[PDB]
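Take a look at this single chain in structure tokens; it is the form deposited in one PDB entry.
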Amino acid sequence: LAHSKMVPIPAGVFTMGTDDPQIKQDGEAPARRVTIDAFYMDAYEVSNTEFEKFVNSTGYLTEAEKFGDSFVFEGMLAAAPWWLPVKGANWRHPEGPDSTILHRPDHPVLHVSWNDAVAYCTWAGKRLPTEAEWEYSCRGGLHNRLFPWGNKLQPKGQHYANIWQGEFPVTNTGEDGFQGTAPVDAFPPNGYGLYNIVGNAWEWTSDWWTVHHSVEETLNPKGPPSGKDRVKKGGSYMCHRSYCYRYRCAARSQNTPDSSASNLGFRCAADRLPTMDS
């Protein structure tokens, strides 16, 4: 395994957002042309094993551990009736104190806040991606498509991401092979070599959240200078067209930076390769 490996994301200009927004309240529109300098993106969501290396090295206690609770989706035992604050839920105990990560070391780390993610990425010699970098990377070299791979959810009759199948929230059929998370290296890569960029775990980005965007062309944009919530991208194993259609590269949501949940993780980015881990 090389679950901290990065891929080179080429310099380019791309269309961020969409003039055909599917969730208008989220500021998916307007489409705008954005120029991105070449950089590096983690191929994988940060896994439990990789996060454990960080905690072993630094002693870091995550925010959910210090607060003593985190949000867990009821279907695997608040923003919605299916989100419950569970005492003792955290990255090591993703459904609460009687759950474990021992059987899922290669799954994405969960219950990590924005601050926890920044701490990990900086320890790794990296950083969070901006929203524009994240979306450009998600799109995988394709223009104005719904998904990293194109416009069909199941191209060639194949599942390409870990989302929900069945009637949410009562029945997840696990048709795609995974009820909860999947290993970080599951499913096909996109055109840039990224795995699970849509689905699996949601992913923090560095930007403050706003829904007000201009059509002006921009260069390496960082988002607004202030805010109260940080932007997350890409959707999760819970998403379904019927209620939360956020497994599209253009989709976007937000949470306060001290937030954490059982469907929210991250990956890192870097301007240049960090020191080789000998």
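Numbering starts at 1 and runs along the sequence shown.
The next section is about a form of this same protein that is not shown, the form deposited with a partner chain bound.
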Original post:
Quick one: of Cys244, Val34, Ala29, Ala43, which gets a non-hydrogen atom within 4.5 angstroms of the partner chain in the bound PDB entry?
Top reply: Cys244
**OP:** Work out which of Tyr195, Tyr192, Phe71, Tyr160 lies within 4.5 Å of the partner chain in the bound PDB entry, going by heavy atoms.
**Re:** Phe71
**OP:** State yes or no: in the bound PDB entry, is some non-hydrogen atom of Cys268 no more than 4.5 angstroms from a non-hydrogen atom of the partner chain?
**Re:** no
Original post:
Is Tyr136 close enough to touch the partner chain in the bound PDB entry, meaning at least one heavy atom pair within 4.5 Å?
Top reply: no
Original post:
Heavy atom to heavy atom, is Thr256 within 4.5 Å of the partner chain in the bound PDB entry?
Top reply: yes
Subject >> Contact of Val231 with the partner chain in the bound PDB entry (heavy atom, 4.5 Å) >> reply: no
Original post:
So in the bound PDB entry, are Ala78, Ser260 and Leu264 all sitting within 4.5 Å of the partner chain, heavy atoms only?
Top reply: yes
Subject >> Segment that reaches the partner chain in the bound PDB entry - one of 48-56, 205-213, 219-227, 248-256, heavy atoms within 4.5 Å >> reply: 248-256
